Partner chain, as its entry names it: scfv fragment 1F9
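A lone chain, given as C-alpha cells: the form solved without its partner chain.
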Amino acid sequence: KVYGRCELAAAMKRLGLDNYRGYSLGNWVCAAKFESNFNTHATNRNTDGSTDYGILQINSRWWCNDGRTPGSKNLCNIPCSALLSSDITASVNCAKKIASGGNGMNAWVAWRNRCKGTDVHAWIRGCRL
C-alpha cells in the first residue's frame, strides 16, 4: 500500500507516536516519506546481507527475522514479512523499540539527513487528526 501523507499521520497518531520519546508526530511522517515514499512494500538490500523492510525500512540484522539473514537478532520478535503489510501496527511497535535506543531517531538515516532539525511540524499541517 502507498499511504497518503495525512492518511499515514492519522494512522500513526492512533498508534501512539505523537511525542514518543520527545519526537513530535511530523518526525515519523517525514521519516516514512524519505525512507520509503510511504510505500509499505519498499525493500532495500544492505551490503552486509541484511535487508530493510517496509514503510520505515527496518533492518533484518537487528530488528526482524527474514530467514535469510545469518545471525539476525530479531529484537522486535517479528518476521520481516509482517513489516510489508498494509497495516502499519507491526512496523510502529517495532519503531518504538528502535527509537528507545541511545541515538533515538538517528537510527533512520534518511530522517537524519532530510528531516532532522527542520520544521517537521509541516508534515502534519492540513491533516485532520
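Rigid core (definition): largest C-alpha set, two forms, superposition within 1.5 Å. Numbering follows the first chain given and starts at 1.
- Between stretches 69 to 77 and 82 to 90, greater average Cα displacement in 8 other deposited structures of this protein relative to the shown form, fitted by the core, falls on 69 to 77.
- Comparing the deposited coordinates for 63 to 71 and 90 to 98, the stretch with the larger average C-alpha B-factor is 63 to 71.
- The mean Cα B-factor in the deposited entry runs higher for 47 to 55 than for the other of 22 to 30 and 47 to 55.
- Annotation for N37: C-alpha temperature factor in the lowest third relative to the rest of the modelled chain, per the entry.
- Per the PDB record, residue ranking by Cα B-factor puts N77 in the lowest third of the chain.
Keep in mind that the form deposited with its partner chain bound is not shown, yet the notes after this line are about it.
- With a 4.5 Å cutoff on heavy atoms, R61 counts as touching its partner chain in the bound PDB entry.
- Using a 4.5 Å cutoff between non-hydrogen atoms, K96 counts as a contact of its partner chain in the bound PDB entry.
- Though the partner is left out of this view, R21 does reach within 4.5 Å of its partner chain in the bound PDB entry, counting heavy atoms only.
- Remark: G67 does not count among the residues lining its partner chain in the bound PDB entry, judged by a heavy atom distance of 4.5 Å or less.
- Interface residue among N37, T43, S100, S86 relative to its partner chain in the bound PDB entry, by the heavy atom within 4.5 Å criterion: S100.
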